[PDB]
Number of protein chains: 4
Amino acid sequence: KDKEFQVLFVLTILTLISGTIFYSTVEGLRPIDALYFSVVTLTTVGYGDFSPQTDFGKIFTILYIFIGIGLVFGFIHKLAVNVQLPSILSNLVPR
Amino acid sequence: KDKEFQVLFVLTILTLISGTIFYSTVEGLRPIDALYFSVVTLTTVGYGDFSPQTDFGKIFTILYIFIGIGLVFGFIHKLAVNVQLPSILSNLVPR
Amino acid sequence: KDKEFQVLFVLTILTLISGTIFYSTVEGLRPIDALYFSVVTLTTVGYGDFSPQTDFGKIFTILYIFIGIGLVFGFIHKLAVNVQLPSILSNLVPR
Amino acid sequence: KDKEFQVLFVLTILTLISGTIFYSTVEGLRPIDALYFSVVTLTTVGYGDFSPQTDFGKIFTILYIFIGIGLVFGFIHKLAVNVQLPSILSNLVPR
Ligand SMILES: [K+]
Ligand SMILES: [K+]
Ligand SMILES: [K+]
Ligand SMILES: [K+]
Ligand SMILES: [K+]
């Protein structure tokens with residue numbers, strides 16, 4: 001399960017790296033803003049402080065969302081049940 | 001399952017075509033902006049860069065959301081488990 | 001199941017009526033804008049075109065979200081599997 | 001199950017307290033605005049009326065989202081099935 005977590009962890013990093021590079025390059029975001037914009041889109045928070053201004057960006061976002069949401073939510077799920085939950089349980093009993 | 005994927009794939013295309021046409025016509029969006037606005041609504045990202053200004057648009061969006069979220073999420077789900085996951089598994093072993 | 005659908009359908013109407021009345025009264029929205037703002041919040045689209053400006057509104061929204069998301073998503077779910085899906089299946093075969 | 005509800009209830013309070021304190025301090029929000037901004041992010045509504053302006057804030061939000069969504073959604077789930085649902089059922093029959 002650490003190896004189930006690790007495949008979804010890596011893939012998520014590679015996916016945010018993807019949006020980071022595209023949005024930095026094409027839409028002109030500082031690298032730090034691209035990553036934050038990539039994370040705010042794929043988790044569907046969607047603040048709207050950054051948003052794609054070019055047609056090339058609007059199209060990329062359509063696909064990135066569909067391809068990206070499934071992964072991201074899956075990592076989060078793996079993260080919560082397989083890492084957060086056990087550590088919570090372990091805190092309720094002392095060693 | 002390719003045929004389960006294909007029914008949710010088609011239906012999703014027909015649903016985004018619906019919002020594209022309505023928002024282009026009534027709310028005056030360029031076709032490309034309507035589709036992007038339709039995709040950003042039904043996945044609940046909700047940037048807010050485009051938003052309906054007319055009462056006819058505000059009402060349409062209420063129903064489109066309820067009718068549309070169930071489908072869109074279902075396609076994404078089908079897409080992730082039945083297409084993304086296997087291709088991931090196949091990459092871990094060489095032919 | 002029509003009666004499972006009908007309890008979640010009613011409850012959802014009562015919940016949107018709640019936000020409609022509160023946001024119209026306290027935050028000064030036209031009734032039509034309140035309902036649309038209520039629907040855009042509880043499905044977590046969150047355009048941000050309308051947003052609560054008063055402290056009384058910011059607090060109400062905190063609770064309305066927590067109390068409201070569970071219902072709304074549940075109706076949508078019931079709506080998709082128990083109404084949309086069968087009608088889709090029925091279209092694939094002619095009477 | 002009251003004790004399953006109570007662990008997710010507490011943890012959620014502690015998590016919103018976290019964002020409240022960080023966003024008040026670093027991003028300069030009034031305490032009431034931080035909490036509302038924290039609740040609007042972790043449920044992925046994302047109005048965008050408040051949004052982090054500093055790099056320290058953009059980074060914190062990236063992690064807070066990933067760590068926070070799993071909990072918050074889990075509480076909401078527990079809240080809906082284990083508290084809202086029974087009270088609904090109890091209203092359909094008189095004592
Ligand atoms: K949003
Ligand atoms: K927004
Ligand atoms: K879900
Ligand atoms: K959103
Ligand atoms: K959302």
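Within every chain, numbering begins at 1; the chains are lettered A, B, ... in the order of the sequence lines, protein sequences first and strands thereafter.
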Note to self: For the CG atom of B:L8 and the CD1 atom of B:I76, what is their distance to the nearest 0.5 Å?
What the structure shows: 10.5 Å
Margin query: Distance check, rounded to the nearest 0.5 Å: A:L71 atom CG versus A:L11 atom CG?
Written below: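 Between atom CG of A:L71 and atom CG of A:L11 there are 5.0 Å.
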For [X], is it the side chain, the backbone, both or neither that has a heavy atom under 4.5 Å from a heavy atom of chain A?
X	result
B:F75	side chain
B:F37	neither
B:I88	side chain

Next item on the list: Under 4.5 Å heavy-atom distance to chain B, tell me which part of A:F50 shows up: side chain, backbone, both or neither.
Entry: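 Looking at A:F50, just its backbone touches chain B.
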Checklist line | Heavy-atom contact with chain B under 4.5 Å, split by part of A:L42 | finding: neither
Looking only at side chains, do [X] and [Y] share a donor and an acceptor under 3.5 Å apart?
X	Y	value
A:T61	B:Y47	no
A:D55	B:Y36	no
A:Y64	A:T15	no

